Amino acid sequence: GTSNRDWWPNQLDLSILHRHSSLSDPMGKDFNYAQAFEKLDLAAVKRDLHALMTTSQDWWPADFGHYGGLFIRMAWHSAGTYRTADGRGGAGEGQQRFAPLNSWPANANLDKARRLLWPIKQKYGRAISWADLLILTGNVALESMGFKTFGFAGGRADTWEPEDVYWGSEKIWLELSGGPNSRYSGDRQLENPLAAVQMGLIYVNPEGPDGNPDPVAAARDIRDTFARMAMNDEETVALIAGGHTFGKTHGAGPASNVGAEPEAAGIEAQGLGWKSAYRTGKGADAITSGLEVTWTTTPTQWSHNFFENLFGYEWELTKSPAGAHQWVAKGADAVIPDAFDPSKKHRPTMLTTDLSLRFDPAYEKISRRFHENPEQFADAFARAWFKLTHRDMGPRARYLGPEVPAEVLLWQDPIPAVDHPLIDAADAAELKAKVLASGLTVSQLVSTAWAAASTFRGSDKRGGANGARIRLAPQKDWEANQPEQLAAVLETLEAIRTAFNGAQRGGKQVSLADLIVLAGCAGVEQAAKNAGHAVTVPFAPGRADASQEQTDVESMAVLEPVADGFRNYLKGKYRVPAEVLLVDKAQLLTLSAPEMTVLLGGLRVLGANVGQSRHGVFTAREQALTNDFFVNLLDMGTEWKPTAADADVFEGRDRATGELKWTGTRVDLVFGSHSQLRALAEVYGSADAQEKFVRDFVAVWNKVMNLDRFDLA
């Protein structure tokens, strides 16, 4: 059945903005997962999960009688898809249970893992999400095998359809680099936003780069991909060695025995996949990755045996029973237990990527320190495991339950507590009047608040105006933020703040974060008055100001907008067309298509463009809040053509005279081209729509200003 995507495969896709509707959600519109979770008997769940660890099912028998390694890998993979570039992936939406991730080759046989959890899921129902359950199970596996975790927070609400994520352009699972859709160019440069080396892998290839078994070169891929997942060297070594303290790999026969992944399997498979024709197809005969490695002498118990083995033997290249490259300890005795036969023992073995921890010189130093100081290793792995499994949860205010660690961690972009009375409505009116009396313009006020608030992304719930980080490095220096203009606005706002705060009694004060937002609100109010309209913009105080020392500058870099269509900004020339980048940004902001449309048309007339560019400024009353953008864009009296100098800039001329009336970018003109966007533009550019435009703009502005306000949830 031929679809619009088949006919016009390069047209923009707006359905990514209308996922996660109330239509596909089985829960009622008022369901609130946090409230459900807070009444869950978490201790009861943990007891059931402990019991499960050794309750082997015949359809997927437990290695060593204990499912803890399988479950650790399950949780690691749930979290392991995360990319710092866009915040997409990670454990926080339980997406491992949907396509494509439920069928990625690196997630083979995790379908078995999730099915073993169904009885617990069923028993507790809506009070524990899948997303929370996958991580809790990994924690219980660790605790059951003798490792004390750093903590756990609930609050990951389940989702109900697959997320629209760019995982790459390859059309073959696991394709090696340098193909027609290669994710690598130049000197092994991985394309942003990807954080895995091959399609369907989590980070790297366990046999080495493109399957070449060189631990030193593997190390380079490990370092690059783990950095793209927010992990530094210490955290990376801790996580790999910690993980591989447990369990084993599965490669008992040739891979050709393994059948269809879950999304390809027959209906009778009931949601499972990778059925194997090799012997019994399971247990001792299991095939997952094709490798056949067991790292430690006690795979079901926390030990220091990983680094004893890594450093205590020399390693020889060998092949598993499926033909994959792996390593075996030279001259060693058979000390590693077998998973099923108490009469068999094995020599120590390692993956290429485990050997990276010894043969990359930076990792070796860390590995050696962990080998000599196992308490340091345990602590580092506990912290890293917490970070891994919570990286996408957002502000600490979202963290639920009795096991939430009290320690504030720098990676959480922490916001200080508020310990003083907040400004009330009379105070807000007094501060808005002061801001308008200062001489700051509508353009300056709107631009500044936009800059502050629009760093939010719902993928990992980082960013937003809380914290006033726009005043800190590195946000204050970002090109999109107009550093010189920004500094002049912030100086004026800090002077208003100081004067207000110095007049108060009783401990009342206003944060700069709140004042930035409030000042933006006053700009929008002033713009509405400029257009003849009496409008009140909602404001909620309670933001606090974070310090520079609470703001990791390197972690903040990935929130820099290199493309922000809402300010007609593109930092460089990219291969993805700018209107696709606009839709991607709207998706991070949580905006629907109508919201994206009204927001952009209003920002253009308020003067929010970077550098005061006239591109898309289709009005003769800039700084007045009108629907002019739409009325003019849709005027058939104007003809548009790309310029000679630049095919991405367009000139709009009077059709009868040839006279130039406007210029615009692709982001501007897509609203007049795309057949669904133009239908939305037409609503706002109709003669009956001015009041609707204003009230919808105010709503979407307020939505953006509050995106990170989980303190008010």
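The numbering used is simple: start at 1 and walk along the sequence shown.
Averaged over their C-alpha atoms, the temperature factors of 68-76 and 437-445 are higher for 437-445.
Looking at mean Cα B-factors across 629-637 and 338-346, the upper value is held by 338-346. Out of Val535, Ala196, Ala453, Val237, it is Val535 whose C-alpha atom has the highest B-factor in the PDB entry.
Note on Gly685, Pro26, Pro61, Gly658: the highest value goes to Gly658, judged by CA B factor as recorded. Among all modelled residues in its chain, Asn32 ranks in the highest third by Cα B-factor. Looking at the C-alpha B-factors along this chain, the one for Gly290 belongs to the middle third. Among the modelled residues of its chain, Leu42 has a C-alpha B-factor that falls in the middle third, as given in the PDB entry.
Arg19: CA B factor in the highest third of modelled residues in this chain (values from the PDB entry).
Per-chain ranking of the deposited C-alpha B factor places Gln11 in the highest third.
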